[PDB]
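1. Whatever this is, show me its structure:
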Amino acid sequence: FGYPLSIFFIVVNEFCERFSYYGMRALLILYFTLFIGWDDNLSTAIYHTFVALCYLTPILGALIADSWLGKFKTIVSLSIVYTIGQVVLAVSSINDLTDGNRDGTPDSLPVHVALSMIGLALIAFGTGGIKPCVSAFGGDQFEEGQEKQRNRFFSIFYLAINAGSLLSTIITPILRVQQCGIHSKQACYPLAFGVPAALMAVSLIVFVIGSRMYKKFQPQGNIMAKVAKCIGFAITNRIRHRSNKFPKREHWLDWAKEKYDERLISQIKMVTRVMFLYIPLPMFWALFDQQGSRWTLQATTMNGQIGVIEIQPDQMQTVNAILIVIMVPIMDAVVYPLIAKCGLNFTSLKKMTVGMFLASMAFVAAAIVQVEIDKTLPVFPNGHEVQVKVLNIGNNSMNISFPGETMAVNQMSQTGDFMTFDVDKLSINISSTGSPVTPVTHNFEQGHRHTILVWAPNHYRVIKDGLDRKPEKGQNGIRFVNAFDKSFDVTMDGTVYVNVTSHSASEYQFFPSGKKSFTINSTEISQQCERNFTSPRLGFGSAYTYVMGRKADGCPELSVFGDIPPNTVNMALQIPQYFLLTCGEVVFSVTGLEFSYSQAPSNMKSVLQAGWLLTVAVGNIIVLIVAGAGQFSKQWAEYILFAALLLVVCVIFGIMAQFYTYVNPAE
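-> Numbers count the residues shown, from 1 in each chain. Below, you will see the structure:
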């Protein structure tokens, strides 16, 4: 190979940039959901504000590059700002800052969240600035060699962007969940945010110099005229005047005489036409980004596919990337067999319409899958009702008499699932074979779950659960229940249960996933029986009750009786969702960019990109004003609402496609 290695250099630049951006996105959503956790709606709102700012930035970056700075200076400065933002956010994620002085001033609102917002704003600025420059500059470098140098360029660059996304998401998710082997930090986010910063550092080192050969491009889009036109006709028509000439045509033509009256204004009219076409696109773009955000939120509460290997909450975007790559080549031949042996030809505008329809199908599938999830969800009753279960810890079976129903609870067994009763209508009676009926005498507080431990017909007690608010942001929980005459203490995974009183229950605390061993110490159980036991498979968001009874020799035996079961649905459902949304994105994006490009002069290729980015940003703002403001129901509500809006936009775009004059060899 030749000494000029610019190809490797720029493709490495692309890899690093995309890697960092997608890692940032995934961890952003899963951390705003988990660590700070203002609210799910607020989290997705902040994520979509970040995305909207990132997609609004590129036009500002191009204007700043046009104004005073140079292309190289602009790109390097924006890369530096992007790296600084990532680093400062990563520092914000870690909570420790060792200081000689003991004085700590959080500056009213927490330093954590404030530094996080500053970092995200900085990285939005940086990414928006750095995104457009590289491809255009590489094309302008040596377009002459279209024969095969240009072809190799495009191929390697495509491989690069595709890979930079996939590895990004997978590796970021993996890193996130790692208890690092350093000074005690059970945190997750510091290292995961730190990793992409190194790639930006290297890429900036990769882009240190131009190897004594580049080219300079100051003018981009002529923003002066683009604002002058608007201010001109608006001011001229607005002021109190006769306006006896043409309402909008004469002023437009006049200002064209005043300023650029040449191909400039002609092509401005040209694009103003193709853009009025873009106008209704926002919904599709809003839907794809809302997808990323709230789907990573819905995947948070599904199953995990423990299977052979856990899938991890934020790896469904990996499904998106994989399918994108695989089908992009498939689409060219299989899905376009030309006329083949049928009677239809398939046009770009109806291709975009079909893409919107496929996206609507993706979101209706999302809605039905979301409904399928609620088949198993902790209800947690509202006030004025209580939720009661009975657990047997004695050596005999009792017949528990609920109002209207009586069931027998065997030795070392529990009743069915939690049953809710009215506070005023609750009357529980306890009796066994040959024993008198003993009614319960306790004041059950409304809106709470109660467990009844019975070891004798005339002996019972009431224990409140106290988890009426789900596993909160935590994963899974556990209690311990004492069936021994004397109390015991247990240390499980380093956490110590202290003085679990006789015939009572221990309090709740959360532990990480996996099998955990515990050691139970008491004066009632001697040292000969090994007091260590290992937990059976523990799921996400679950809670279990462990009862320590007497064996034949009296040594403790394990008793697993779940109250809140682990959530189960299998991410398979996210797979149809992602297949359909992928197909949609592919066809829509490719067709639109090419058709928009085909009906425009080569001179304003950048203006179409600006329109595309503005469309995506407006869609993000729409998702913002829908998600942050509207809080009525679960994911199903806005899923259905977005599907309906997208279908309406699809039919409107079809009608618009029925009436459009196209263009010709642009002349």
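
2. Tally up the residues packed near residue 487, please.
-> Neighbourhood size, residue 487 [other CB atoms under 10 Å]: 17. Any C-beta I mention is one placed from the backbone N, CA and C, and that applies to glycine too.

3. Tell me who's in contact with it.
-> Listed by CB atoms under 8 Å, 6 or more residues apart in numbering, the contact partners of residue 487 are 499, 500, 501, 502, 522.

4. List the contacts of stretch 178-189.
-> Under the criterion CB under 8 Å, 6+ apart, residues 27, 31, 35, 90, 93-96, 176-177, 190-191, 512 lie in contact with stretch 178-189.

5. And that stretch, end to end?
-> End-to-end distance of stretch 178-189 (CA to CA, to the nearest Å): 9 Å.

6. Distance check, residue 494 against residue 512.
-> 11 Å (CB to CB, to the nearest Å).

7. And the two? Which one has more around it.
-> Applying other CB under 10 Å to residue 494 and residue 512 shows that residue 512 carries more neighbours, namely 13 against 7.

8. Excluding chain neighbours, give the residue nearest to that one in space.
-> Distances taken as CB to CB, 6 or more residues apart in numbering put residue 475 closest to residue 512, at 6.6 Å, once the chain neighbours are dropped.

9. contacting residues for that neighbour?
-> By CB under 8 Å, 6+ apart, the contact set of residue 475 is 510, 511, 512, 513, 540, 541.

10. Quick one: end-to-end length of stretch 434-443, please.
-> Using CA to CA, the two ends of stretch 434-443 sit 28 Å apart.

11. Give me the buried stretch members for that stretch, please.
-> For stretch 434-443, burial by neighbour count (16 or more other CB atoms under 10 Å) applies to 438, 440.

12. Give me the buried positions along the longest helix anywhere in the chain.
-> Counting residues, the longest helix found in the chain (DSSP state H) is helix 111-142. Using 16+ other CB under 10 Å as the test for burial, helix 111-142 gives 115-117, 119-138, 141.

13. same thing with stretch 252-264?
-> Burial within stretch 252-264, assessed by neighbour count using 16+ other CB under 10 Å, is assigned to 252, 254, 255, 256, 259, 260.

14. The fourth one and residue 402: what is the separation?
-> Okay, so that is residue 256. To residue 402, residue 256 is 85 Å away according to CB to CB.

15. Next: the fifth one.
-> Using CB to CB, one obtains 85 Å as the distance from residue 259 to residue 402.

16. go on, residue 532?
-> Noted for residue 532: a distance of 38 Å to residue 402, by CB to CB.

17. do the same with residue 52
-> In this view, residue 52 and residue 402 are 55 Å apart by CB to CB.

18. okay, these two: which has more neighbours?
-> Higher neighbour count among residue 52 and residue 402: residue 52, with 22 against 16, using other CB under 10 Å.

19. does the more buried one count as helix, strand or coil?
-> helix (DSSP: H, G, I helix; E, B strand; the rest coil).

20. and the nearest residue to it once chain neighbours are set aside, what are its phi and psi?
-> Leaving aside its sequence neighbours, residue 52 sits nearest to residue 620 (CB to CB, 6+ apart; 3.7 Å). Note on residue 620: its backbone torsions stand at phi -60, psi -40 [degrees, to the nearest 10].

21. count of neighbours near residue 620?
-> Counted with other CB under 10 Å, residue 620 comes out at 26.

22. State the distance from it to residue 331.
-> Residue 620 sits 27 Å away from residue 331, taking CB to CB as the criterion.

23. just residue 583 next, same as before
-> Going from residue 583 to residue 331 by CB to CB gives 8 Å.

24. So if I had to pick from these two, which one is more boxed in?
-> Neighbours per residue, other CB under 10 Å: of residue 583 and residue 331, the larger number sits with residue 583, 21 against 13.

25. The more buried one and residue 130, how far apart?
-> Remark: distance between residue 583 and residue 130 (CB to CB) = 30 Å.

26. Need the phi and psi values for residue 461.
-> According to degrees, to the nearest 10, residue 461 has phi -160, psi 160.

27. Pairing partners for it in the sheet, please.
-> Per DSSP bridges, the residues bridged to residue 461 are residue 453.

28. same thing with residue 414?
-> Counting by DSSP bridges, residue 414 forms beta bridges with residue 391.

29. wait, doesn't it sit right on residue 559?
-> No - at 9.2 Å, residue 414 does not count as touching residue 559 under the criterion of CB atoms under 8 Å.

30. shared neighbours of these two, anything?
-> By the contact definition CB under 8 Å, 6+ apart, residue 414 and residue 559 are jointly contacted by residue 545.

31. Would you list the buried entries among the contacts of residue 487?
-> With burial judged by 16+ other CB under 10 Å, the buried subset of the contacts of residue 487 is 500, 522.

32. of all the contacts of residue 487, which two lie farthest apart?
-> Spatial extent of the contacts of residue 487 (CB to CB) is set by the pair 501 and 522 at 11.4 Å.
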